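S.K.: sharing an experimental structure here, sequence included.
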Amino acid sequence: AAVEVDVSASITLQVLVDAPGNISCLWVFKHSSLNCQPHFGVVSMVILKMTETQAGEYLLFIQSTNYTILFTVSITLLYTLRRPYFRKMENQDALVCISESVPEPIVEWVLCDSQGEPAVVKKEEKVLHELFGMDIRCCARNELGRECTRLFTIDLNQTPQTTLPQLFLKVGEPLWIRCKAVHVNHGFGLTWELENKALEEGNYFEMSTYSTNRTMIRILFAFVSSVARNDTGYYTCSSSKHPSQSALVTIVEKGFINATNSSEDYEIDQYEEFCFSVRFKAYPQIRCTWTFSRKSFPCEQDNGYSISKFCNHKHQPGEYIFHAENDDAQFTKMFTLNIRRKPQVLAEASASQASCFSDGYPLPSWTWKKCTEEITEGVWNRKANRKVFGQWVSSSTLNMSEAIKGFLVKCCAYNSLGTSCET
Amino acid sequence: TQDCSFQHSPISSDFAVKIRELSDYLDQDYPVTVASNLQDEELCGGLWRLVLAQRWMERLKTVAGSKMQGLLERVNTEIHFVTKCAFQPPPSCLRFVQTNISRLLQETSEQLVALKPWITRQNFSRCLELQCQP
Ligand SMILES: *[C@@H]1O[C@H](CO)[C@@H](O)[C@H](O)[C@H]1NC(C)=O
Ligand SMILES: *[C@@H]1O[C@H](CO)[C@@H](O)[C@H](O)[C@H]1NC(C)=O
C-alpha cells in the first residue's frame, strides 16, 4: 500500500493478477487521467526515473463489475538533472553552454570534422568561439547521470534532406538555428524569414570565418530566448548564392510522444531473423527500456521519425514490453510473439482418479487428439491466452476416458508442422 | 574604378586569432612603413593603412622561408580584399617610419576592428586616392 521512492529510481510496479475475460481498466493518476490498454490483466504501471513530480495517489479500476485499487507513492537528497540550454556570449561573438543541474556539470563540445556525422576532439571549455560546420554537440556530466543536448545546424552547402525537416521546442527553452554556408567568394549572405517576412531584431547574429585557399564560410544564427505559441511556424533560411533550405518549428507547452502502433501479434517461424520495432517520434529525449519477464535492455533512438528495434528475441516467445518514459510524458507498448515449433506430446500426468489427463505442449498451433482409433474423449482444453503468471510451460490437455484398455496411455498431437505421441 | 562599397563583409571575425598566431610564431622581427602623415580620418584612413599593410604582407611572403610562408599567407588572405578596389599609387607627399612586423600586425588588426562595421554601409569610391595631412 505504501511506496518509498528514493531519487530518480527506475523500478516496475505493473504486477499481474489473474483476471481473464471481458475486463478493461483505466489509470487514475494524481488528480489527472491516464489512458492505458492492458492485456487480459496487466496495465502500464512501471517507471523509469520517477521525477520529483511523478509521485502520489495512483488508482486503477475495472469497468464493464467495478472494483477500485489504491497505491500511495511517497518520496531530501537534492538531486537534479536538466538538459543544457544554449546561450550567446555577452558582448562577444561566441556561444557558451550552461546546464541547470546540482552540482555544476562538466560540459564538453563536439564537432565531427569528417564527411559524415567516438571520433573528433572534445574541448571542455563552455565558452566556444570556434564553431563552424560539423555536428555541434553539448553534453553535461553531473552527479545524477548524464543529460545531453544537441545544437541544430542546417548546412546549406549540402544536398537537401527532402523529408520535411522539423524541430519541436519546449515552451520557455530557447530556440537556435544556424546555417553552415560555404562560398568560394566573400560576396555571399544568409537571411532568416518565417513566411517571406524578415527575422526579429533580437535574432540577427553574424560570424563569418575565413578558411582554405581564398575562401569564406559564413554562419547566420537565429536566436529566440523566450519561446511561445507566437513563434510556432515554418522557418526558412535563403542565401545570396545558395539554394533555399528550410525547416518547420513547432511548440509544445508540456511535451509530446507519438507512435504509429503495430498489430501486436506475430506468427514467426524458426530462425528467420525477425525483429520487433517501434516508430516513435517524441520530444524531449525518450528514455526507453524493454522488459521481458525481468529483462532490462535499453534502446537506441527515412528522417521523418526515429525508430528503434529489439532483436534480442533468440527464440524466446511471450509478451514483450516496450516502455518509453520521457521527462514529462509516458508511453508503453506490449507485443506478442509465438514460436512456430509445433509440437511433441510427452507431458502426460499419471492421475489415478477416474482418468489420467494427458497434455500436449508447445505453442501457438497445438492440437491434442488421440493402434486403432478410439471413440469418446474427455476435455478439449480451449482457453484464452494471457491469464496471469504462475507455473512454467502451458499445455492443451485432452484425455479423460473410462474404457478398460489397460496399458496404452493417450496423447497424440496433430498440427500443421506435423505429429508426435506419448507412451 | 568601382563604387568600393563591398556586397558582403570582407572583414572576418577570426582575424584577431590569426594575427596573434602569426605574432607568437614569428622567429624573427622582420623590418617593415607605418604611414606617419595619412589624412586624419579613422574610417577613410583605415582602408589606406590596410592597403599599405597588404603590400607588406605580400612582400613578406617573398622573403620568409618555407616554414613561415603558410603563416604569412594566412594573414595576407584576410586583408587581400583591398586588391579588389582600384586604389591609386601612393602620392610623393606620403611619409612613413620603419618599424617591426609585430607592430605592423597589431596595427593591421586595429584598423580591421575600426573598418569592419562600416565597410558595407558607406560608399568609399572617393577613398581610392591616398591623401596626406602633415
Ligand atoms: C584552390 O582554389 C581553387 C579555386 O577555388 C580550387 O579549385 C582548389 O580546389 C582550391 N584548393 C584546395 C586545396 O581546396
Ligand atoms: C507576437 O509577437 C509580436 C511581436 O513581438 C507581438 O506584437 C504580438 O502581440 C505577439 N503575440 C502574442 C500572442 O504574444
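M.R.: Structure received. Numbering: from 1, shown residues only, chains lettered A, B, ... in the order given. Ligands and ions are numbered 1, 2, ... in the order given.

S.K.: element containing the nearest residue to residue A:181 once chain neighbours are set aside?
M.R.: Spatially, and ignoring its direct neighbours in sequence, residue A:181 is nearest to residue A:156 (4.7 Å; CB to CB, 6 or more residues apart in numbering or on different chains). C-beta here means a position set from N, CA and C on the backbone, and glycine is covered the same way. For residue A:156, there is no helix or strand it lies in under DSSP states H and E.

S.K.: grab the most central residue of chain B for me.
M.R.: Nearest residue to the geometric centre of chain B (CA atoms, centre = their mean): residue B:50, 2.2 Å.

S.K.: pretty sure it sits in a helix.
M.R.: Yes. Assigned with DSSP: H, G, I helix; E, B strand; the rest coil, residue B:50 falls within a helix.

S.K.: pretty sure the residue nearest to residue A:181 sits against residue A:241.
M.R.: No. Using CB atoms under 8 Å, residue A:156 makes no contact with residue A:241, being 9.9 Å away.

S.K.: more neighbours: those two, which one.
M.R.: residue A:156 (23 against 13; other CB atoms under 10 Å in any protein chain shown).

S.K.: could you tell me which residues make contact with the more buried one?
M.R.: A:179-182, A:190, A:237, A:239, A:242-243, A:245 (CB atoms under 8 Å, 6 or more residues apart in numbering or on different chains).

S.K.: against chain B, how distant is it?
M.R.: Distance, residue A:156 to chain B, by CB to the nearest CB, to the nearest Å: 15 Å.

S.K.: continuing past whichever helix or strand residue A:177 is part of, what's the next helix or strand?
M.R.: According to DSSP H and E, residue A:177 maps onto strand A:175-177. Per DSSP H and E, the first helix or strand lying C-terminal to strand A:175-177 is strand A:190-193.

S.K.: in that next one, which residues are buried?
M.R.: Neighbour-count burial for strand A:190-193 flags A:190, A:192 (criterion: 16 or more other CB atoms under 10 Å in any protein chain shown).

S.K.: what does stretch A:306-313 give?
M.R.: Residues of stretch A:306-313 classed as buried by neighbour count (16+ other CB under 10 Å): A:308, A:310, A:313.

S.K.: SS state for residue B:81?
M.R.: Residue B:81 - assigned by three-state DSSP - is helix.

S.K.: quick one, what contacts it?
M.R.: Contacts of residue B:81 by CB under 8 Å, 6+ apart are A:186, B:6, B:10.

S.K.: next, the last one: phi, psi?
M.R.: Translated: residue B:10. phi -80, psi -10 (degrees, to the nearest 10).

S.K.: quick check: the gap between it and ligand 1.
M.R.: 17 Å (CB to the nearest ligand atom, to the nearest Å).

S.K.: mind checking how far that residue is from chain A?
M.R.: Taking CB to the nearest CB, one finds residue B:10 at 5 Å from chain A.

S.K.: and that residue, what does it touch?
M.R.: Residue B:10 touches A:186, B:81, B:119, counting by CB under 8 Å, 6+ apart.

S.K.: over to residue A:60?
M.R.: Counted by CB under 8 Å, 6+ apart, residue A:60 has contacts A:25-28, A:43, A:45, A:68-69.

S.K.: dump those into CSV; add secondary structure, distance to residue A:252 and neighbour count as well.
M.R.: Below are these laid out as CSV (DSSP: H, G, I helix; E, B strand; the rest coil; distance: CB to CB, whole Å; neighbours: other CB atoms under 10 Å in any protein chain shown):
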residue, secondary structure, distance to residue A:252, neighbour count
A:25, strand, 28, 20
A:26, strand, 24, 16
A:27, strand, 22, 18
A:28, strand, 24, 17
A:43, coil, 26, 20
A:45, coil, 25, 17
A:68, strand, 32, 10
A:69, strand, 32, 13
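
S.K.: which residues in the stretch 1-150 of chain A form strands?
M.R.: Ranges of strands in the stretch 1-150 of chain A, per DSSP state E, counting those that start in this stretch, are A:2-4, A:25-29, A:32-34, A:57-62, A:68-74, A:85-88, A:95-98, A:106-110, A:127-128, A:137-141, A:147-150.

S.K.: in CSV: those strands, plus distance to residue A:403.
M.R.: Shown next, in CSV, are the strands of the stretch 1-150 of chain A (distance: least, CB to CB, whole Å):
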stretch, distance to residue A:403
strand A:2-4, 57
strand A:25-29, 47
strand A:32-34, 56
strand A:57-62, 45
strand A:68-74, 49
strand A:85-88, 81
strand A:95-98, 83
strand A:106-110, 78
strand A:127-128, 87
strand A:137-141, 75
strand A:147-150, 72
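
S.K.: between those, which one is closest to residue B:17.
M.R.: Closest of the strands of the stretch 1-150 of chain A to residue B:17 is strand A:127-128, at 13.1 Å (criterion: CB to CB).

S.K.: contacting residues around that closest one?
M.R.: A:89, A:94-97, A:109.

S.K.: from chain B, how far off is the closest residue in space to residue A:254 that isn't next to it in sequence?
M.R.: In space, and not counting its chain neighbours, residue A:254 is closest to residue A:328: 5.5 Å by CB to CB, 6+ apart. In this view, residue A:328 and chain B are 38 Å apart by CB to the nearest CB.

S.K.: correct me if wrong: residue A:328 contacts residue A:282.
M.R.: No. Taking contacts as CB under 8 Å, residue A:328 lies outside contact range of residue A:282: 10.0 Å.

S.K.: what touches both of these two?
M.R.: By CB under 8 Å, 6+ apart, the residues touching both residue A:328 and residue A:282 are residue A:255.

S.K.: higher neighbour count, these two?
M.R.: When neighbours are counted by other CB under 10 Å, residue A:328 and residue A:282 differ, and residue A:282 comes out ahead with 20 against 16.

S.K.: need the residues of the stretch 1-150 of chain A near chain B, please.
M.R.: A:93, A:129 (CB under 8 Å from any CB of the partner chain).

S.K.: apply 7 Å and report the result again.
M.R.: residue A:93 (CB under 7 Å from any CB of the partner chain).

S.K.: which element is residue A:379 on?
M.R.: Judged by DSSP H and E, residue A:379 forms part of no helix or strand.
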